[PDB]
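One structure is given below, encoded as structure tokens.
Reckoned from all heavy atoms, side chains included, excluding hydrogens, waters and symmetry mates. Counting convention: from 1, in listed order, for ligands and their atoms alike. The chain is numbered in sequence order, starting from 1.
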Amino acid sequence: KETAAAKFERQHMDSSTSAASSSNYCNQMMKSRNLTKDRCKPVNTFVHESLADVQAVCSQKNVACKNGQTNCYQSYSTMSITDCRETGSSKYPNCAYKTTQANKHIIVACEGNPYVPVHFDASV
Ligand SMILES: Nc1ncnc2c1ncn2[C@@H]1O[C@H](COP(=O)(O)OP(=O)(O)O[C@H]2C[C@H](n3ccc(=O)[nH]c3=O)O[C@@H]2CO)[C@@H](O)[C@H]1O
């Protein structure tokens with residue numbers, strides 16, 4: 001089916017905007033991208049920069065992955081991001097999220113050939 005690269009774009013990419021859309025961006029975005037279908041995805045990050053800018057991060061600052069792997073990279077520049085965190089009040093299937101806009105360095109895990117992002121590890 002959909003490649004790991006493809007999944008990363010659907011789960012974390014959103015160039016169409018510049019900042020945290022609205023207070024209900026995560027509620028909408030999380031639902032639109034299919035991350036609340038089988039269970040309220042607890043935490044998810046959408047990045048607002050060109051696909052090219054994000055792909056570029058795979059050749060930037062090599063840093064250790066949270067899982068101990070060495071295939072993670074941190075962006076030299078900060079990027080516009082929107083963090084989506086599940087509210088406690090949240091209730092499957094009515095997954096609810098808090099929306100937080102920030103400008104930070106992202107850390108992603110890359111794999112394959114081409115060497116592209118397949119996992120969002122962290123923002124710092
Ligand atoms: N070093 C590495 N560590 C982990 N996985 C690695 C890897 N290198 C490659 N892979 C591969 O990527 C696939 C997709 O990764 P995930 O299933 O974690 O999907 P998300 O990033 O959407 O889901 C993750 C990231 C997201 N998250 C976490 C923190 C945050 O700031 N933002 C955010 O979006 O929350 C979820 C849990 O933390 C894996 O199956 C694996 O094969």
message: Ignoring hydrogens and geometry beyond distance, is a side-chain donor-acceptor pair present between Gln101 and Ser80 at under 3.5 Å?
response: yes
field: Under the salt bridge (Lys or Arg N to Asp or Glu O under 4.0 Å) test, residues paired with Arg85 that sit two or more places apart
entry: none
task: State which residues pass ring-ring contact (aromatic ring centres under 6.0 Å, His included) with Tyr92; sequence neighbours excluded, sorted by chain then number.
output: none
message: Assess whether a salt bridge exists between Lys98 and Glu86, defined as any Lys/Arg side-chain N lying under 4.0 Å from an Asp/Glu carboxylate O.
response: no
- prompt: So which residues, sorted by chain and number, lie with a heavy atom under 4.0 Å of ligand 1?
  reply: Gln11, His12, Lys41, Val43, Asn44, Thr45, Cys65, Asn67, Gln69, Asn71, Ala109, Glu111, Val118, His119, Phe120, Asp121
query: Distance only, no hydrogens: is a donor on one side chain within 3.5 Å (strictly under) of an acceptor on the other, for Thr82 and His48?
result: yes
message: Applying ring-ring contact (aromatic ring centres under 6.0 Å, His included), can you list everything that pairs with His12, at least two apart in sequence or on another chain?
response: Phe8, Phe120
